[PDB]
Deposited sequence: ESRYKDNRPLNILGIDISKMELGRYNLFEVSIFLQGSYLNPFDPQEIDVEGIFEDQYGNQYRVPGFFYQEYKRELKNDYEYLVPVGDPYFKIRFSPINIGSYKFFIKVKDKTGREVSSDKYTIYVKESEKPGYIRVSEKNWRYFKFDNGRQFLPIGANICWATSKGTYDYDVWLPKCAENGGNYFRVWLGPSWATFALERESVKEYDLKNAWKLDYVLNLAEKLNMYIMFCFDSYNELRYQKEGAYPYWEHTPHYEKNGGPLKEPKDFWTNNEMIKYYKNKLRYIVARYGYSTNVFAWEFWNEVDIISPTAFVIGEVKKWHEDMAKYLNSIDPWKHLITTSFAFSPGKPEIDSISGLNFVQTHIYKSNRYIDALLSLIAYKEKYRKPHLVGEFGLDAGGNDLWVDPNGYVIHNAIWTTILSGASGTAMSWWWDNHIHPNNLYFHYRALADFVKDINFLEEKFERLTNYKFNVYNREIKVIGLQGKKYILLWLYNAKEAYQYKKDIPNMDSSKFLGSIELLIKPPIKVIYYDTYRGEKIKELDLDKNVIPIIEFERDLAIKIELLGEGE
């Protein structure tokens, strides 16, 4: 209990960030106090709250959190954080309405004593921020911002850094954002992760790693990127003898390492573990919940491949139901909640839980993965909520790096997923050893520029269904969406799309045609998917679209006039 205090409870000082703020901007309160508590991360020992009320009567109860300031530096090839000052408590708020707010601070410690601040007033003006990310009420396949604009996630997994820490995100994130990326995913476990909160203990959280996550979230705010926070990964509950990067023997949950659990099965029902896990959720909401740049809370990376001794489907389902209910109840901003599975079809018993707002797929497959993606997207429409292909690659073993230096695999997957009705792009692995060093960002730029001016929420897109290819001596296939006003096609050469040896394709002849069930007149735009630019525009009085010569794949945007 390194942060214990044994003094009578008293507020010693309050600092306020700024009294005039924009909608959805951060309003931060610093609270210096003394009190009686063994563990500042445990609300039964000390409970700090900010109570906010807008002009319209809406009330927000925001949990406070323990904080240490650091100053970062680079020591050759690793990040080093120097503590600045004593630790203290913070409250982080974000106003969803404009106008005036009144707020006060309340603190209670284990002695039962309670103290309060007096009431403060702040004023909120309109801003440019679109708000929090929600499921669209117009089309449950897609996400929106509070202001009604669509959110189409484009990006990749960027789940941890090297020893350089935040200095790696300083490089990766601006490159992503300038190439149309607006999304990434970070890991908050296991203990070795850059942002691991439970690093030494499941009862107290790592203030250095939490500060790094602050930094990366602040960078995402500056770049208009939105983050999925993955709280735990399967490795934590997998025994060494089971392989697949196991970590149970090293995890703080295990009694051997100071935790409450004798075996990983007990995670789901151990009373002490459940209490600590709720304290962790409270800490995460307190420290990061304000941010509109948190896209989603994700409980687990691939929970189905924890130890088979630990996976009891009924217990895992009840735990997800109960934690989703708890998290929603304490999160003033009601962020989206999800979880993930290694088994590509997922677990319907868990995916159908109402408290999980969208479903995910992870898939690593080397052969005919375009058809596999299309099949999984069609299948999971049964859940009537958005579907994110949250991990994709050729092989979990890392063959992609030497098989496909040009990123054709990534290219094929991001076009297939978007034009099959998934909520966003397939999210690649290998950010640090593949995407960045091979400079694969241009693939995303081309795709983002193709889709950005379409409002997916209102097109009533359906997968293309009544088509007729007329092509001779080539095998061309199509992935496509048909809506009220646009038809979007991705055509690929079945014999070239899965070969990765050739240079990036570097378009005047007629190849063939595709006939669609549409009413002319139409405008046809041919789009180079590697250079990310229009090749050709064509007005047509009949429903037969010519296919121009292409090497690997080609995109076509058809507007019904």
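*Asks:* Note down, first to last, the deposited-sequence stretches for which the model contains no C-alpha atom.
*Replies:* In sequence order, the gaps with no modelled C-alpha are 1, 508-509, 565-568.
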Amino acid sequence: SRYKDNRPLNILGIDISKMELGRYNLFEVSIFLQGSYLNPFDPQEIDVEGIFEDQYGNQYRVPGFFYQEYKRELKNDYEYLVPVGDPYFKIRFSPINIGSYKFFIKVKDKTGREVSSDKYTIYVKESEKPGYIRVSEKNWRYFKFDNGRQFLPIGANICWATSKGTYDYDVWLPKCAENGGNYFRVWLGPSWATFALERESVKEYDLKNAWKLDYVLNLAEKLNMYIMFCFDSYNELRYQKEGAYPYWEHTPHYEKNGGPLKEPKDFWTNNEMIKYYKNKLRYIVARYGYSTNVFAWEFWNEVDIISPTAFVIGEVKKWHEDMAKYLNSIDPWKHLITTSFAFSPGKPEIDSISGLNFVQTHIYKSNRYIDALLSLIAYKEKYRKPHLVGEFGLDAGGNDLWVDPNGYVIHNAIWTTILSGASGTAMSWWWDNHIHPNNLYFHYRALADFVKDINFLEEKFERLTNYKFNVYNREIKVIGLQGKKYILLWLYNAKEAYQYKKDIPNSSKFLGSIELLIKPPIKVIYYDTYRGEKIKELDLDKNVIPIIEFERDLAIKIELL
From here on, numbers count along this sequence of modelled residues.
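*Asks:* Comparing 507-515 with 66-74, where is the mean C-alpha B-factor higher?
*Replies:* The recorded data point to 507-515.
*Asks:* Return whichever of 100-108 and 480-488 has the greater mean Cα B factor according to the PDB record.
*Replies:* According to the PDB entry, the answer is 480-488.
*Asks:* Just the C-alpha B-factor column, please: which of 392, 183, 469, 205 has the biggest number?
*Replies:* If I rank 392, 183, 469, 205 by C-alpha B-factor, first place goes to 469.
*Asks:* Quick one: which of 126, 322, 266, 114 has the biggest Cα B-factor according to the entry?
*Replies:* In this record, 114 carries the highest C-alpha B-factor of the candidates.
*Asks:* Tell me, lowest, middle or highest third: where does the Cα B factor of residue 397 rank within its chain?
*Replies:* Tercile = highest for this residue's CA B-factor.
*Asks:* Grab the CA temperature factor for residue 520 from the record and place it in the lowest, middle or highest third of its chain.
*Replies:* Highest third, going by the recorded CA B-factors of the chain.
*Asks:* Please say which third, lowest, middle or highest, residue 35 falls into when its CA temperature factor is compared across its chain.
*Replies:* Middle third by C-alpha B-factor.
*Asks:* What third of its chain, lowest, middle or highest, does the C-alpha temperature factor of residue 199 fall into?
*Replies:* It falls in the middle third of the chain.
*Asks:* Which third of the chain does residue 41 land in by C-alpha B-factor: lowest, middle or highest?
*Replies:* For residue 41, whose C-alpha B-factor we compare with every modelled residue in the chain, the answer is the lowest third.
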